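*Asks:* experimental coordinates follow, after the sequence.
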Amino acid sequence: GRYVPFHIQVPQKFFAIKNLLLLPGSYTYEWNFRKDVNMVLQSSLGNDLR
Amino acid sequence: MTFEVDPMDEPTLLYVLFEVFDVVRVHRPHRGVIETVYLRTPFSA
Amino acid sequence: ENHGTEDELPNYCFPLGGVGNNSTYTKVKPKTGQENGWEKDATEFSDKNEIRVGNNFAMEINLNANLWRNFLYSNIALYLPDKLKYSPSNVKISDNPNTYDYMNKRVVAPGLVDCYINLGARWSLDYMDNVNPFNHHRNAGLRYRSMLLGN
Amino acid sequence: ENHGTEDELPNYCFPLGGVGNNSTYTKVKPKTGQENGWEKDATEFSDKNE
Amino acid sequence: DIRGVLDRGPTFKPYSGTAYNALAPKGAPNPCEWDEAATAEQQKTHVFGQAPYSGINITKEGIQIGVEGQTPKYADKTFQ
Amino acid sequence: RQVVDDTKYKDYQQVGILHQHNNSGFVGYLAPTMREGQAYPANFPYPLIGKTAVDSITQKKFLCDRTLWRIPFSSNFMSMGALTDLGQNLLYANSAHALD
């Protein structure tokens, strides 16, 4: 279907962060995400989704 | 550098990867503290 | 995994002779002094000349839908639970439902597994989920051990 | 490896029209105050209905 | 773990072919009525039909498809 | 997979197999028999894609065939020996216990 309530599990892909082992304390961890359909979705013919 | 290619009738891009070393050292002196030293050579930041 | 089939180009069947049915024509030749004058030609040519006007006689078929429908029936539909089956109209069947004869004669409605079931989705059929899929004829290993024995 | 043909359901090919050889039928209307009275109609309808 | 609701819109199509009357010829129209020009304005309704069902009779009450003991039973027009 | 709604979908009618006629007059009626009927429009199923796409709910499941479900009796649930760390502890090995 066109209409989809979803749940997805996203990994941190950045090399320095991901192989790190983190010791005691508290930390700020903040990220940014894109909402533009032509980047987050992908279409077969490569049509402008907006 | 001089690269020779086929005539393409619609704009294209030459994608060049310069292979360098890109290392990071990570230091945690006290509880909740993190310091980092970055080095990338060739091409220093 | 219902992803549909190629159906872009129509497929056609034609007579053995290509052409199909034809009608009988006499030749004619023009009168040269007129703009529109004609005269029968029965010189060295036959009076019973075969002509088909139009394109050749045909029937049209979609191949891949026929194949798909047969696949869906062969590999899933016939293997649906017996509460979903029925017994043949005006024919005998076994008393014992544990027999090959009862399993060969119970009638399943083809409309239960038609070409558009779960179209665009990856999903096993809920009535076949309770059913042992190793009890099926596309078991290559059991088929191989039977053919080690013979025909 | 002859395991015989998968051919339980019959497969069919049909004419371009999906119909084929037909006959011509004339529309008729009922006479409403009679049980089984009927009258020929060639007014707004074509008299040769395929 | 990211959750949300998506709409992939009306241009999406995850299958090749049609779902609907798949075994029908690509040229064949549905059985139909049309006004065609005669003039003998005076345009005549032509029908292209097909009647596959054999019933018991035809009265003004429709085609008879059965009996309710003594009484004859006729086709419900809503779907039959 | 996605299936049609009946909670916020207002137009809904449940049409049975007995009167479904997608592919009418190309195939036998609810039997593997020869072609029956005439050509006509198709009534089933509703479109789950396209401009007129009906409201839909989501059904999720999985299969996992040819396997056993596994609950190893161990502190951290790793393979650190064929003799289990929890099978060795003074609470569970040197006392007796009933299980429910």
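*Replies:* Happy to help now that I have it. Numbering: from 1, shown residues only, chains lettered A, B, ... in the order given.
*Asks:* centre of the chain versus whichever strand or helix holds residue C:40, how much separation?
*Replies:* Using DSSP states H and E, residue C:40 falls within strand C:38-41. Mean-position distance between strand C:38-41 and its chain equals 49 Å (Cα atoms, centre = their mean, to the nearest Å).
*Asks:* contacts for it, please.
*Replies:* By Cβ atoms under 8 Å, 6 or more residues apart in numbering or on different chains, the surrounding residues in contact with strand C:38-41 are C:26-31. C-beta: built from backbone N, CA, C; applies to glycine.
*Asks:* helix or strand next in line after that strand, which one?
*Replies:* Next along the chain after strand C:38-41, taking DSSP H and E as the criterion, comes strand C:49-51.
*Asks:* and chain D, is the helix or strand following that following strand touching that?
*Replies:* For strand C:49-51, the following helix or strand on the C-terminal side (DSSP H and E) is strand C:59-61. Yes: using Cβ under 8 Å from any Cβ of the partner chain, a contact is recorded between strand C:59-61 and chain D, made by C:59-61.
*Asks:* quick check on those residues: which are buried?
*Replies:* The neighbour count (16 or more other Cβ atoms under 10 Å in any protein chain shown) marks C:59-61 as buried among the residues of strand C:59-61 next to chain D.
*Asks:* residue E:46 belongs to a strand, doesn't it?
*Replies:* Yes: assignment of residue E:46 by DSSP: H, G, I helix; E, B strand; the rest coil places it within a strand.
*Asks:* what's the neighbour count on residue 46?
*Replies:* In the absence of a named chain, this looks at chain A. By other Cβ atoms under 10 Å in any protein chain shown, 8 other residues sit near residue A:46.
*Asks:* meant chain F, my bad for not saying
*Replies:* 18.
*Asks:* ok, it to chain C distance?
*Replies:* Computed as Cβ to the nearest Cβ, to the nearest Å, the residue F:46 to chain C distance reads 11 Å.
*Asks:* which members of the buried ones among the residues of strand C:59-61 next to chain D additionally contact chain E?
*Replies:* residue C:60.
*Asks:* out of the buried ones among the residues of strand C:59-61 next to chain D, which one sits closest to residue B:21?
*Replies:* Checking these against residue B:21 by Cβ to Cβ gives residue C:61 as the nearest, at 65.1 Å.
*Asks:* nearest residue to residue C:116 in space, please, no chain neighbours.
*Replies:* residue E:19 (4.4 Å; Cβ to Cβ, 6 or more residues apart in numbering or on different chains).
*Asks:* now secondary structure and neighbour count too, for the contacts of strand C:38-41, in TSV please.
*Replies:* Shown next, in TSV, are the contacts of strand C:38-41 (DSSP: H, G, I helix; E, B strand; the rest coil; neighbours: other Cβ atoms under 10 Å in any protein chain shown):
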residue	secondary structure	neighbour count
C:26	coil	12
C:27	strand	14
C:28	strand	11
C:29	strand	13
C:30	strand	12
C:31	coil	11
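*Asks:* what is the burial count for the residue of chain F at minimum distance from chain A?
*Replies:* Of all residues in chain F, residue F:2 sits closest to chain A, at 3.4 Å by Cβ to the nearest Cβ. For residue F:2, the neighbour count with other Cβ under 10 Å is 21.
*Asks:* go on, residue E:51?
*Replies:* Neighbours around residue E:51, by other Cβ under 10 Å: 10.
*Asks:* any residue of stretch A:36-50 up close to chain C?
*Replies:* No: Stretch A:36-50 is not in contact with chain C by Cβ under 8 Å from any Cβ; minimum separation 12.3 Å.
*Asks:* run through who's touching that stretch.
*Replies:* Under Cβ under 8 Å, 6+ apart, the answer for stretch A:36-50 is A:34, E:8-9, E:11.
*Asks:* would you indicate which residues of that stretch are buried?
*Replies:* Quick answer for stretch A:36-50 (16+ other Cβ under 10 Å): residue A:37.
*Asks:* pipe the buried ones among the residues of strand C:59-61 next to chain D into CSV and attach distance to residue F:7 per row.
*Replies:* Shown next, in CSV, are these (distance: Cβ to Cβ, whole Å):
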residue, distance to residue F:7
C:59, 47
C:60, 43
C:61, 42
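*Asks:* nearest to residue F:18 among the buried ones among the residues of strand C:59-61 next to chain D?
*Replies:* residue C:61 (27.8 Å).
*Asks:* enumerate every residue touching that closest one.
*Replies:* Residues in contact with residue C:61, defined by Cβ under 8 Å, 6+ apart, are C:11-13, D:11-14.
*Asks:* repeat that for 7 Å
*Replies:* Going by Cβ atoms under 7 Å, 6 or more residues apart in numbering or on different chains, residue C:61 touches C:11, C:13, D:13.
*Asks:* and the last one, how far from residue F:40?
*Replies:* Relative to residue F:40, residue D:13 is positioned 19 Å away (criterion: Cβ to Cβ, to the nearest Å).
*Asks:* which SS class is residue A:5?
*Replies:* Classification of residue A:5 by three-state DSSP places it in strand.
*Asks:* near it, how many other residues are there?
*Replies:* 12.
*Asks:* re earlier: of the contacts of stretch A:36-50 - the most surrounded one?
*Replies:* That'd be residue E:8 among these, by other Cβ under 10 Å, with 17 neighbours.
*Asks:* and the strands in chain A?
*Replies:* With strands called from DSSP state E, chain A shows them at A:3-8.
*Asks:* ok and the residue in it nearest chain D?
*Replies:* Closest to chain D within chain A is residue A:1: 29.4 Å, counting by Cβ to the nearest Cβ.
*Asks:* so how far is chain C from that residue?
*Replies:* With Cβ to the nearest Cβ as the criterion, residue A:1 and chain C are 8 Å apart.
*Asks:* quick one, what contacts that residue?
*Replies:* Taking Cβ under 7 Å, 6+ apart, one finds F:2, F:48-49, F:56 in contact with residue A:1.
*Asks:* on that earlier part again, contact partners for the residue of chain F closest to chain A?
*Replies:* Residue F:2 touches A:1, F:48, F:56, F:58, counting by Cβ under 7 Å, 6+ apart.
*Asks:* so the nearest residue to the third one once chain neighbours are set aside bridges to which residues?
*Replies:* Read that as residue F:56. Nearest non-adjacent residue to residue F:56, counting by Cβ to Cβ, 6+ apart: residue F:2, 4.3 Å away. For residue F:2, the beta-bridge partners are residue F:58 (DSSP bridges).
*Asks:* does the residue lying farthest from the centre of chain B count as helix, strand or coil?
*Replies:* Residue farthest from the centre of chain B, counting by Cα atoms, centre = their mean, is residue B:31 at 31.5 Å. The three-state label given to residue B:31 by three-state DSSP is coil.
*Asks:* that one and residue A:32, how far apart?
*Replies:* 28 Å.
*Asks:* get me the contact residues on chain F for chain A.
*Replies:* Residues of chain F lying close to chain A by Cβ under 7 Å from any Cβ of the partner chain are F:2, F:48-49, F:53, F:56, F:58.
*Asks:* who's in contact with the residue of chain E found nearest chain B?
*Replies:* Proximity of chain E to chain B (Cβ to the nearest Cβ) peaks at residue E:11, 24.5 Å away. Counting by Cβ under 7 Å, 6+ apart, residue E:11 makes contact with residue A:47.
*Asks:* follow-up on the earlier one: now the contacts of strand C:38-41 in CSV, with distance to chain D?
*Replies:* Listed next are these as CSV, based on distance: Cβ to the nearest Cβ, whole Å:
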residue, distance to chain D
C:26, 28
C:27, 31
C:28, 32
C:29, 36
C:30, 36
C:31, 38
